[PDB]
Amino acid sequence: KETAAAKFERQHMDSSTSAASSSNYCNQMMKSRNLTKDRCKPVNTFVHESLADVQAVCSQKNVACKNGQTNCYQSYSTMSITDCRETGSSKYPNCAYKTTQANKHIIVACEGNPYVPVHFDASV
């Protein structure tokens, strides 16, 4: 089916835009990436960097993951990102999000061979 690596790309990668297309960005992107299908995914981050640059983080600063696993990695350089956060008045199926652009270090969890991002842990 959909690999963990492909799922990370669907849920977290948006290399096409340098920053959050618009105030509508999260409303459109959360739906189109199928993060609103079964429920409103409450929070989700999209990264506006090349796939190779995000895959390279698996080789960068090793940090503890929030769940206590050891396989998380923080980017040495800041990256362009968009945080999506479901609004207090959002009601499934009409999932509503606030769109916020940032330039932060990302923290991803990496797994497999090849060793690639499979979850988005945090930005700092």
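Only the largest set of C-alpha atoms that superpose within 1.5 Å between the two forms is called the rigid core. Residue indices: 1-based, along the sequence shown.
In 6 other deposited structures of this protein, superposed on the rigid core, the segment with the larger root-mean-square CA displacement between 35-43 and 72-80 is 35-43. The stretch with the higher mean CA B factor, choosing between 37-45 and 68-76, is 37-45. Across the two stretches, 86-94 and 52-60, the PDB entry reports the greater mean Cα temperature factor for 86-94.
Note on the listed residues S22, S15, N113, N103: the highest Cα temperature factor in the record is that of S22.
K7: CA B factor lies in the middle third for its chain, per the PDB record.
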